[PDB]
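So this block is my_file.txt, compact mmCIF, C-alpha atoms and all ligand atoms:
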# COMPACT_ATOMS: atom_id res chain seq x y z
CA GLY A 106 34.33 131.23 81.46
CA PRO A 107 38.03 130.84 82.05
CA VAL A 108 40.39 130.24 78.96
CA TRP A 109 43.46 128.11 77.94
CA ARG A 110 46.79 129.30 79.42
CA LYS A 111 48.84 128.16 76.48
CA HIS A 112 49.42 129.27 73.03
CA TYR A 113 49.69 125.42 71.66
CA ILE A 114 46.84 122.93 72.51
CA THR A 115 46.36 119.05 71.70
CA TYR A 116 43.57 116.87 70.63
CA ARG A 117 43.26 113.15 70.39
CA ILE A 118 40.40 111.53 68.58
CA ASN A 119 39.59 108.88 71.17
CA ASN A 120 37.32 106.64 69.33
CA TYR A 121 35.32 106.63 66.11
CA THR A 122 31.60 106.38 65.45
CA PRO A 123 30.83 103.53 63.07
CA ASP A 124 28.66 105.91 61.14
CA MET A 125 32.33 106.03 59.67
CA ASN A 126 34.89 106.39 57.12
CA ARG A 127 37.42 106.94 59.83
CA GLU A 128 39.36 109.33 57.77
CA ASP A 129 36.28 111.41 57.11
CA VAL A 130 36.09 112.27 60.81
CA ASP A 131 39.80 112.94 61.02
CA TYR A 132 39.00 115.55 58.46
CA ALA A 133 35.66 116.94 59.69
CA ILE A 134 37.49 117.31 62.96
CA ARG A 135 41.01 118.35 62.06
CA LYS A 136 39.08 120.90 60.14
CA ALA A 137 36.61 121.97 62.76
CA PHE A 138 39.59 122.89 64.86
CA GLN A 139 40.97 124.88 61.91
CA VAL A 140 38.06 127.03 61.95
CA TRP A 141 39.18 128.35 65.29
CA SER A 142 42.86 128.76 64.67
CA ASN A 143 42.22 130.76 61.78
CA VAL A 144 40.93 133.84 63.56
CA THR A 145 42.89 132.94 66.54
CA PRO A 146 46.37 132.63 67.70
CA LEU A 147 46.29 128.87 68.31
CA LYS A 148 47.52 125.64 66.91
CA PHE A 149 45.97 122.21 67.14
CA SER A 150 47.69 118.82 67.19
CA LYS A 151 46.10 115.22 66.79
CA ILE A 152 48.42 113.10 68.84
CA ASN A 153 47.75 109.37 68.83
CA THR A 154 49.41 108.44 72.05
CA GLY A 155 49.75 109.80 75.56
CA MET A 156 47.21 112.26 76.95
CA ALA A 157 46.04 115.00 74.59
CA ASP A 158 44.40 118.25 75.93
CA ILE A 159 41.16 118.31 73.95
CA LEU A 160 39.41 115.06 73.71
CA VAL A 161 36.87 114.06 71.12
CA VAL A 162 34.70 111.18 72.06
CA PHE A 163 31.65 109.40 70.80
CA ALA A 164 29.69 107.75 73.59
CA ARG A 165 26.01 107.43 74.24
CA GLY A 166 23.43 107.82 76.84
CA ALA A 167 25.20 107.38 80.08
CA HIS A 168 28.97 107.68 79.33
CA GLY A 169 31.11 108.88 82.27
CA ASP A 170 30.11 112.38 83.25
CA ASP A 171 27.10 113.09 85.36
CA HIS A 172 25.66 114.82 82.38
CA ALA A 173 24.10 111.98 80.29
CA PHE A 174 22.97 112.05 76.66
CA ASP A 175 19.44 111.54 75.33
CA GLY A 176 19.05 109.60 72.21
CA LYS A 177 18.18 111.02 68.87
CA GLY A 178 18.06 114.67 68.84
CA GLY A 179 17.98 117.12 71.66
CA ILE A 180 21.48 117.01 72.85
CA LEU A 181 23.99 116.03 70.20
CA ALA A 182 27.24 117.05 71.85
CA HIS A 183 28.31 118.75 74.90
CA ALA A 184 31.99 119.70 75.52
CA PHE A 185 33.68 120.93 78.72
CA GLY A 186 35.15 124.41 78.96
CA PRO A 187 38.98 124.56 79.56
CA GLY A 188 40.17 122.96 82.71
CA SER A 189 42.58 120.17 83.22
CA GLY A 190 41.28 116.68 83.35
CA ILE A 191 38.08 116.75 81.32
CA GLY A 192 38.46 120.39 80.47
CA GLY A 193 37.97 120.91 76.85
CA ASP A 194 36.77 117.47 75.87
CA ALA A 195 34.07 117.46 73.19
CA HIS A 196 31.67 114.70 73.27
CA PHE A 197 29.29 113.39 70.66
CA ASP A 198 25.94 111.57 70.94
CA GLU A 199 26.37 108.39 69.05
CA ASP A 200 22.65 107.74 68.77
CA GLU A 201 22.69 110.27 65.83
CA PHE A 202 24.00 109.54 62.47
CA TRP A 203 26.90 111.72 61.56
CA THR A 204 27.72 112.95 58.16
CA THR A 205 30.04 114.57 55.75
CA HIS A 206 26.86 115.71 54.11
CA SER A 207 23.70 117.25 55.34
CA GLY A 208 21.53 114.12 55.33
CA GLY A 209 21.61 113.11 58.91
CA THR A 210 23.37 115.38 61.50
CA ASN A 211 26.44 117.03 60.30
CA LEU A 212 29.69 116.48 62.28
CA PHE A 213 31.41 119.50 60.72
CA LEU A 214 29.05 121.96 61.83
CA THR A 215 28.57 120.32 65.35
CA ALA A 216 32.22 119.63 65.78
CA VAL A 217 32.95 123.34 65.35
CA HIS A 218 30.17 124.70 67.56
CA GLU A 219 31.13 122.42 70.12
CA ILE A 220 34.76 123.24 69.89
CA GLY A 221 34.26 126.65 70.76
CA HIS A 222 32.70 125.67 74.09
CA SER A 223 35.76 123.56 74.61
CA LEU A 224 37.33 126.70 73.98
CA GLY A 225 35.56 129.21 76.04
CA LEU A 226 32.51 130.60 74.40
CA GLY A 227 29.01 130.29 75.72
CA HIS A 228 26.46 130.51 72.94
CA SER A 229 25.61 133.18 70.65
CA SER A 230 22.14 134.71 70.98
CA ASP A 231 23.18 135.43 67.31
CA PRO A 232 20.94 133.40 64.96
CA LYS A 233 23.43 133.43 62.03
CA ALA A 234 26.14 132.02 64.54
CA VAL A 235 27.65 128.50 64.12
CA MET A 236 25.46 128.25 66.88
CA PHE A 237 22.52 129.92 68.00
CA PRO A 238 22.03 126.48 69.76
CA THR A 239 19.84 125.52 66.73
CA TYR A 240 22.45 123.87 64.31
CA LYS A 241 22.33 125.57 60.85
CA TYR A 242 22.96 122.65 58.68
CA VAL A 243 24.41 124.87 55.89
CA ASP A 244 26.72 124.51 52.81
CA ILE A 245 30.22 123.27 53.80
CA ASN A 246 33.63 124.53 52.42
CA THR A 247 32.41 128.05 51.75
CA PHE A 248 30.97 128.50 55.38
CA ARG A 249 32.54 130.74 58.00
CA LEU A 250 32.37 132.42 61.44
CA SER A 251 29.35 134.76 61.95
CA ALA A 252 31.27 137.89 62.86
CA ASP A 253 29.62 137.59 66.18
CA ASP A 254 31.40 134.22 67.19
CA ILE A 255 34.57 135.97 65.96
CA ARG A 256 34.17 138.52 68.72
CA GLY A 257 34.11 136.35 71.69
CA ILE A 258 37.08 134.04 70.58
CA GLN A 259 38.63 137.13 69.79
CA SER A 260 37.50 138.62 73.16
CA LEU A 261 39.23 135.74 74.84
CA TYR A 262 42.13 135.43 72.64
CA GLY A 263 43.46 137.74 70.00
CA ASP A 264 43.77 138.60 66.49
CA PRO A 265 46.70 137.10 65.08
CA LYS A 266 50.27 137.65 65.23
CA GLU A 267 51.48 139.93 62.24
CA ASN A 268 49.13 141.34 59.66
CA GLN A 269 45.49 141.96 58.39
CA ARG A 270 42.73 139.59 58.49
CA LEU A 271 40.28 136.83 57.81
CA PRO A 272 42.25 136.04 55.82
CA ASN A 273 44.55 134.47 58.65
CA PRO A 274 48.33 134.96 59.97
CA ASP A 275 51.95 134.55 58.40
CA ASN A 276 55.20 133.30 60.08
CA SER A 277 58.50 135.34 59.64
CA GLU A 278 62.37 135.04 59.53
CA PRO A 279 65.01 136.52 61.28
CA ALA A 280 61.99 136.64 63.74
CA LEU A 281 60.32 137.72 66.96
CA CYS A 282 58.90 134.24 67.06
CA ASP A 283 60.64 131.59 65.03
CA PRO A 284 60.32 129.35 68.12
CA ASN A 285 63.83 128.04 67.58
CA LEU A 286 65.15 131.63 68.28
CA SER A 287 68.40 130.84 70.20
CA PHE A 288 70.97 133.40 71.58
CA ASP A 289 74.51 134.38 70.98
CA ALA A 290 74.61 136.25 74.34
CA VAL A 291 72.24 138.49 76.34
CA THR A 292 72.05 141.21 79.03
CA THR A 293 70.10 144.01 80.26
CA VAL A 294 71.73 147.47 80.50
CA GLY A 295 69.98 149.29 83.19
CA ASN A 296 66.38 148.55 82.34
CA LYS A 297 66.56 147.27 78.85
CA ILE A 298 67.64 143.92 77.56
CA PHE A 299 70.01 143.49 74.63
CA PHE A 300 69.50 140.17 72.83
CA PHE A 301 72.42 139.15 70.77
CA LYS A 302 72.50 137.10 67.48
CA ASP A 303 75.10 137.26 64.75
CA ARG A 304 74.79 140.81 63.47
CA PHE A 305 71.56 141.21 65.17
CA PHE A 306 70.37 142.45 68.54
CA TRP A 307 66.69 142.88 69.55
CA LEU A 308 66.02 145.20 72.38
CA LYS A 309 63.76 145.46 75.39
CA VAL A 310 61.04 144.47 77.97
CA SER A 311 60.21 148.11 79.50
CA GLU A 312 56.81 149.24 78.98
CA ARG A 313 57.58 149.60 75.24
CA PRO A 314 55.38 147.22 73.56
CA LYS A 315 57.51 145.52 71.05
CA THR A 316 60.85 144.42 69.93
CA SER A 317 62.78 146.06 67.21
CA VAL A 318 65.70 144.22 65.97
CA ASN A 319 68.73 146.10 64.69
CA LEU A 320 72.43 145.60 63.56
CA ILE A 321 75.17 145.55 66.09
CA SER A 322 77.48 147.85 64.19
CA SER A 323 75.07 150.63 64.66
CA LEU A 324 75.23 151.04 68.33
CA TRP A 325 78.63 149.57 68.61
CA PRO A 326 82.03 150.77 67.81
CA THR A 327 85.29 149.18 68.35
CA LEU A 328 83.39 145.75 68.38
CA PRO A 329 82.58 142.53 66.27
CA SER A 330 79.38 140.94 65.47
CA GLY A 331 78.47 137.59 66.87
CA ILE A 332 79.05 138.23 70.56
CA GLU A 333 79.33 135.27 72.85
CA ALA A 334 78.56 136.40 76.41
CA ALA A 335 77.56 139.64 78.22
CA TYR A 336 76.64 141.33 81.49
CA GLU A 337 76.31 144.60 83.18
CA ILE A 338 76.99 146.56 86.20
CA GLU A 339 74.06 149.09 86.46
CA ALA A 340 75.88 151.22 89.04
CA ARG A 341 78.65 152.35 86.71
CA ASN A 342 77.02 152.22 83.41
CA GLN A 343 79.08 149.35 82.17
CA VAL A 344 78.11 146.70 79.61
CA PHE A 345 80.73 143.93 79.13
CA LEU A 346 80.96 142.36 75.63
CA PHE A 347 82.87 139.07 75.36
CA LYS A 348 83.94 137.26 72.36
CA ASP A 349 86.86 134.89 71.82
CA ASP A 350 89.76 135.57 74.10
CA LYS A 351 88.91 139.27 74.11
CA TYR A 352 86.39 141.54 75.83
CA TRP A 353 85.00 145.06 75.64
CA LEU A 354 84.09 147.62 78.27
CA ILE A 355 81.38 150.06 77.64
CA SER A 356 79.69 153.08 79.21
CA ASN A 357 76.69 154.96 78.26
CA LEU A 358 77.19 153.28 74.82
CA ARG A 359 80.87 154.34 74.70
CA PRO A 360 83.99 152.06 75.10
CA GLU A 361 85.91 153.47 78.26
CA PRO A 362 89.81 154.28 77.85
CA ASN A 363 91.43 151.00 76.16
CA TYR A 364 89.48 147.97 74.60
CA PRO A 365 89.50 145.02 73.72
CA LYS A 366 91.75 143.36 76.18
CA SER A 367 92.30 140.12 77.44
CA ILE A 368 90.06 137.83 79.42
CA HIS A 369 92.85 136.46 81.65
CA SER A 370 93.70 139.56 83.48
CA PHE A 371 90.32 138.92 84.96
CA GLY A 372 91.51 135.53 85.61
CA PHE A 373 91.41 132.11 84.46
CA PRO A 374 93.87 129.76 82.88
CA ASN A 375 95.11 129.69 79.31
CA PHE A 376 93.21 126.36 79.41
CA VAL A 377 90.12 128.67 78.99
CA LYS A 378 89.55 130.00 75.47
CA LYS A 379 86.10 131.76 75.41
CA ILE A 380 83.31 132.78 77.84
CA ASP A 381 79.93 131.50 76.83
CA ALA A 382 77.36 133.08 79.19
CA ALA A 383 77.77 135.68 82.01
CA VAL A 384 75.64 137.32 84.62
CA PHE A 385 76.30 139.90 87.26
CA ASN A 386 74.61 139.66 90.68
CA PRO A 387 74.33 142.89 92.53
CA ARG A 388 72.61 141.29 95.73
CA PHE A 389 76.15 140.10 96.61
CA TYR A 390 78.63 141.62 94.13
CA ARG A 391 79.82 138.81 91.83
CA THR A 392 79.79 137.87 88.16
CA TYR A 393 79.04 134.45 86.95
CA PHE A 394 81.33 133.12 84.08
CA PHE A 395 80.43 129.92 82.17
CA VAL A 396 82.88 127.78 80.36
CA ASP A 397 81.07 125.15 78.49
CA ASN A 398 81.06 122.62 81.28
CA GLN A 399 81.93 124.67 84.23
CA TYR A 400 81.67 128.10 85.78
CA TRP A 401 83.52 130.81 87.60
CA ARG A 402 82.75 133.59 89.91
CA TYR A 403 84.56 136.87 90.08
CA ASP A 404 84.57 138.91 92.99
CA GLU A 405 83.85 142.28 91.53
CA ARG A 406 84.78 144.40 94.35
CA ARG A 407 88.13 142.80 94.90
CA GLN A 408 89.07 141.78 91.44
CA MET A 409 89.73 138.39 92.37
CA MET A 410 88.11 134.92 91.63
CA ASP A 411 86.57 133.82 94.96
CA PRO A 412 88.13 130.68 96.16
CA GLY A 413 87.66 127.36 94.43
CA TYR A 414 86.69 127.93 90.91
CA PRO A 415 86.17 126.23 88.18
CA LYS A 416 83.21 124.27 89.04
CA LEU A 417 80.46 122.13 87.60
CA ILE A 418 77.41 123.87 86.13
CA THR A 419 74.94 121.01 87.07
CA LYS A 420 76.17 120.14 90.48
CA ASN A 421 75.73 123.71 91.53
CA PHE A 422 72.93 124.89 89.32
CA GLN A 423 70.18 122.19 89.40
CA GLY A 424 69.28 120.88 85.89
CA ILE A 425 70.72 123.50 83.69
CA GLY A 426 72.40 121.40 80.88
CA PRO A 427 76.18 121.27 80.62
CA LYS A 428 76.35 124.11 78.08
CA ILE A 429 74.55 127.35 78.45
CA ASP A 430 73.82 129.96 75.81
CA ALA A 431 72.82 133.03 77.88
CA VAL A 432 72.16 134.03 81.62
CA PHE A 433 70.89 137.32 82.92
CA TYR A 434 69.77 138.90 86.21
CA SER A 435 66.12 139.57 87.21
CA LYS A 436 65.92 142.77 89.10
CA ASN A 437 64.98 140.69 92.17
CA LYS A 438 66.63 137.32 93.05
CA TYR A 439 66.55 135.18 89.69
CA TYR A 440 68.74 134.40 86.74
CA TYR A 441 66.98 133.55 83.48
CA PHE A 442 68.92 130.87 81.49
CA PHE A 443 68.86 130.42 77.74
CA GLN A 444 70.04 126.85 76.73
CA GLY A 445 68.82 126.40 73.20
CA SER A 446 65.40 127.67 72.25
CA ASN A 447 64.87 127.29 75.88
CA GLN A 448 65.11 129.41 78.82
CA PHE A 449 64.61 128.80 82.60
CA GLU A 450 63.22 130.96 85.39
CA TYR A 451 65.86 130.14 88.00
CA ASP A 452 65.25 131.26 91.64
CA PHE A 453 68.81 131.46 92.86
CA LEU A 454 67.67 131.88 96.44
CA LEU A 455 66.59 128.25 96.85
CA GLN A 456 68.07 127.01 93.54
CA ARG A 457 65.29 125.35 91.47
CA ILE A 458 64.03 125.96 88.06
CA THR A 459 60.53 127.50 88.71
CA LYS A 460 59.18 128.45 85.29
CA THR A 461 60.45 126.89 82.02
CA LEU A 462 59.77 129.21 79.11
CA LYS A 463 60.06 129.48 75.56
CA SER A 464 63.50 130.87 74.74
CA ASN A 465 61.55 133.79 73.12
CA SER A 466 59.16 135.10 75.78
CA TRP A 467 59.83 138.91 76.32
CA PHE A 468 58.85 139.50 72.74
CA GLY A 469 55.62 138.23 74.49
CA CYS A 470 54.88 136.75 71.10
CA CA A 501 41.16 117.52 78.50
CA CA A 502 21.03 112.88 71.33
CA CA A 503 24.89 106.44 65.40
CA CA A 504 76.53 131.96 74.09
ZN ZN A 505 30.08 113.63 78.21
ZN ZN A 506 26.12 124.29 72.82

What does the file become when written as structure tokens?
Ligand SMILES: [Ca+2]
Ligand SMILES: [Ca+2]
Ligand SMILES: [Ca+2]
Ligand SMILES: [Ca+2]
Ligand SMILES: [Zn+2]
Ligand SMILES: [Zn+2]
Amino acid sequence: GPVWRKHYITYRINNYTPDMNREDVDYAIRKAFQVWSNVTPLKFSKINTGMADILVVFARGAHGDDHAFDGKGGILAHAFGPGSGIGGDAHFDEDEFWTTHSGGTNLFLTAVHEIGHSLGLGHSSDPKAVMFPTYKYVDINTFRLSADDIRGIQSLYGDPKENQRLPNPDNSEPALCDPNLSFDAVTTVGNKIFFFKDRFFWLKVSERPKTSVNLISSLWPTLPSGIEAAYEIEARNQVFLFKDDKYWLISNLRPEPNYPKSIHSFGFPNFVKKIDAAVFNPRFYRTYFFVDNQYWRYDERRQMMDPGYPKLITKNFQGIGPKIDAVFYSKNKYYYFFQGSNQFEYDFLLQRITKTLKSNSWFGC
């Protein structure tokens, strides 16, 4: 079918069968989900309030749908492939008797078959599968995915995000996906992107599948670690490294005749102690400087702030927080902003955040 266009996904257990022990269903379920995330790059979260994205429900005969139930047997659950609205809900025929055991009609086994569906999978012609529609009421903590089901879950989603399997996946540090990966500064230099962090820098996007973090003292000479702001000027091979009241010019990875130097000879007041984010716009020939609260634009081709400058980041850039960690230019009319573990696709052409993404996306985790 289609599939879920999100790494992280929600469920809410909507109501409880009185075949009960609430808590046993929390489990049977929480756990059903687990089955899937354990072979699979997803997470699952039981929120208790607001509108979850997978919905478990226990209703009977005619419930809502157009696709009614039928009583004791035959259909026991149906769930809805992904899709807003009622897209991924898993529903359960209350006229059965659900169990932690294998008297009655197991809700571990059915919850899991039917979460797939919710998920994307059709059936498995595969007998051995946690469903050959023909529920194999089997032992319970030892049980596991017929390799088959593993394929089309895997077809649809991967194999999991850094090592070798079933067994499941681990979760690193300094890392490509601690999802609270913030930035010192960041830029691209002609077709790569340098991502700064303390002594670290991770580099690229460019057809190179995957991000290799390294120390900054290896590519870089006359310069400190821990880098606050940066941009580029692709037509002159220049990367500009900013920290504290001083900056560094660069070429071809090589520090042109003189640095560091001051930031003030570039122009600002002495009221200004540090540049926080910076981005150069070739469309129109200007650099954007960001001082917590406010910003400044430098006319590159004249060496001259344009008139009227400091300014107010939010008044002029719609919704970008009053402090910004990193900006950088998209080879075609955007700036991508990095405020916290957050980053914004920002169309500068009609000013509007248009995509909000995980601070760490081009490590397409
Ligand atoms: Ca839903
Ligand atoms: Ca039924
Ligand atoms: Ca019942
Ligand atoms: Ca910064
Ligand atoms: Zn239904
Ligand atoms: Zn089914």

List every residue of chain A that has an atom at most 8 Å from any atom of ligand CA 502 (chain A), giving for each one its closest atom pair and the distance in Å to one decimal, counting all atoms listed in the file, sorted by chain and then by ascending residue number, as JSON lines.
{"residue": "A:165", "atom": "CA", "partner": "A:CA502", "partner_atom": "CA", "distance": 7.9}
{"residue": "A:166", "atom": "CA", "partner": "A:CA502", "partner_atom": "CA", "distance": 7.9}
{"residue": "A:174", "atom": "CA", "partner": "A:CA502", "partner_atom": "CA", "distance": 5.7}
{"residue": "A:175", "atom": "CA", "partner": "A:CA502", "partner_atom": "CA", "distance": 4.5}
{"residue": "A:176", "atom": "CA", "partner": "A:CA502", "partner_atom": "CA", "distance": 3.9}
{"residue": "A:177", "atom": "CA", "partner": "A:CA502", "partner_atom": "CA", "distance": 4.2}
{"residue": "A:178", "atom": "CA", "partner": "A:CA502", "partner_atom": "CA", "distance": 4.3}
{"residue": "A:179", "atom": "CA", "partner": "A:CA502", "partner_atom": "CA", "distance": 5.2}
{"residue": "A:180", "atom": "CA", "partner": "A:CA502", "partner_atom": "CA", "distance": 4.4}
{"residue": "A:181", "atom": "CA", "partner": "A:CA502", "partner_atom": "CA", "distance": 4.5}
{"residue": "A:182", "atom": "CA", "partner": "A:CA502", "partner_atom": "CA", "distance": 7.5}
{"residue": "A:198", "atom": "CA", "partner": "A:CA502", "partner_atom": "CA", "distance": 5.1}
{"residue": "A:199", "atom": "CA", "partner": "A:CA502", "partner_atom": "CA", "distance": 7.3}
{"residue": "A:200", "atom": "CA", "partner": "A:CA502", "partner_atom": "CA", "distance": 6.0}
{"residue": "A:201", "atom": "CA", "partner": "A:CA502", "partner_atom": "CA", "distance": 6.3}

Create the file for the chosen residues now, containing C-alpha atoms and written as a short mmCIF file (atom, residue, chain, number, x, y, z; two decimals), in the frame of the given file.
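As written to disk, out-v3.cif reads:
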data_model
loop_
_atom_site.label_atom_id
_atom_site.label_comp_id
_atom_site.auth_asym_id
_atom_site.auth_seq_id
_atom_site.Cartn_x
_atom_site.Cartn_y
_atom_site.Cartn_z
CA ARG A 165 26.01 107.43 74.24
CA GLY A 166 23.43 107.82 76.84
CA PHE A 174 22.97 112.05 76.66
CA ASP A 175 19.44 111.54 75.33
CA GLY A 176 19.05 109.60 72.21
CA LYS A 177 18.18 111.02 68.87
CA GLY A 178 18.06 114.67 68.84
CA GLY A 179 17.98 117.12 71.66
CA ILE A 180 21.48 117.01 72.85
CA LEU A 181 23.99 116.03 70.20
CA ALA A 182 27.24 117.05 71.85
CA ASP A 198 25.94 111.57 70.94
CA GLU A 199 26.37 108.39 69.05
CA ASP A 200 22.65 107.74 68.77
CA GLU A 201 22.69 110.27 65.83
#

**Request:** For residue 279 of chain A, work out the shell of residues within 12 Å, counting all atoms listed in the file and skipping chain neighbours fewer than 3 positions away, then give it as a PyMOL selection string.
**Result:** chain A and resi 276+282-287+302-307+317-320

Hey, could you make a per-residue contact list for chain A against ligand CA 504 (chain A) with 12 Å as the cut-off, showing the nearest pair of atoms and its distance in Å to one decimal, counting only C-alpha atoms and all ligand atoms, sorted by chain and number, as a Markdown table?
| residue | atom | partner | partner_atom | distance |
| --- | --- | --- | --- | --- |
| A:287 | CA | A:CA504 | CA | 9.1 |
| A:288 | CA | A:CA504 | CA | 6.3 |
| A:289 | CA | A:CA504 | CA | 4.4 |
| A:290 | CA | A:CA504 | CA | 4.7 |
| A:291 | CA | A:CA504 | CA | 8.1 |
| A:292 | CA | A:CA504 | CA | 11.4 |
| A:300 | CA | A:CA504 | CA | 10.9 |
| A:301 | CA | A:CA504 | CA | 8.9 |
| A:302 | CA | A:CA504 | CA | 9.3 |
| A:303 | CA | A:CA504 | CA | 10.8 |
| A:331 | CA | A:CA504 | CA | 9.4 |
| A:332 | CA | A:CA504 | CA | 7.6 |
| A:333 | CA | A:CA504 | CA | 4.5 |
| A:334 | CA | A:CA504 | CA | 5.4 |
| A:335 | CA | A:CA504 | CA | 8.8 |
| A:336 | CA | A:CA504 | CA | 11.9 |
| A:346 | CA | A:CA504 | CA | 11.4 |
| A:347 | CA | A:CA504 | CA | 9.6 |
| A:348 | CA | A:CA504 | CA | 9.3 |
| A:349 | CA | A:CA504 | CA | 11.0 |
| A:379 | CA | A:CA504 | CA | 9.7 |
| A:380 | CA | A:CA504 | CA | 7.8 |
| A:381 | CA | A:CA504 | CA | 4.4 |
| A:382 | CA | A:CA504 | CA | 5.3 |
| A:383 | CA | A:CA504 | CA | 8.8 |
| A:384 | CA | A:CA504 | CA | 11.8 |
| A:394 | CA | A:CA504 | CA | 11.1 |
| A:395 | CA | A:CA504 | CA | 9.2 |
| A:396 | CA | A:CA504 | CA | 9.9 |
| A:397 | CA | A:CA504 | CA | 9.3 |
| A:428 | CA | A:CA504 | CA | 8.8 |
| A:429 | CA | A:CA504 | CA | 6.6 |
| A:430 | CA | A:CA504 | CA | 3.8 |
| A:431 | CA | A:CA504 | CA | 5.4 |
| A:432 | CA | A:CA504 | CA | 8.9 |
| A:433 | CA | A:CA504 | CA | 11.8 |
| A:442 | CA | A:CA504 | CA | 10.7 |
| A:443 | CA | A:CA504 | CA | 8.6 |
| A:444 | CA | A:CA504 | CA | 8.7 |
| A:445 | CA | A:CA504 | CA | 9.5 |

**Message:** I need the residue nearest ligand CA 503 (chain A) from this list: A:417, A:125, A:261, A:235. Use all atoms listed in the file for the distance.
**Reply:**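 Of A:417, A:125, A:261, A:235, the one nearest ligand CA 503 (chain A) is A:125, counting all atoms listed in the file.
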
**Asked** Once you count only C-alpha atoms and all ligand atoms, which residues end up within 7 Å of ligand CA 501 (chain A), and could you hand them over as a ChimeraX atom specification?
**Response** /A:157-160,188-194

**Message:** Would you pick out the contacts of residue 229 of chain A at 10 Å or less, using only C-alpha atoms, so that residues sharing its chain but fewer than 3 positions from it are not included, and give the list as a list in words?
**Reply:** residues 226, 232, 233, 234, 235, 236, 237, 238, 251, 253, 254 and 257 of chain A

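Separating atom CA of residue 460 of chain A from atom CA of residue 440 of chain A is a distance of 11.4 Å.
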
**Asked** Which of these, A:227, A:156, A:203, A:142, has the shortest distance to ligand ZN 506 (chain A) once you count all atoms listed in the file?
**Response**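 Smallest distance to ligand ZN 506 (chain A) is found for A:227.
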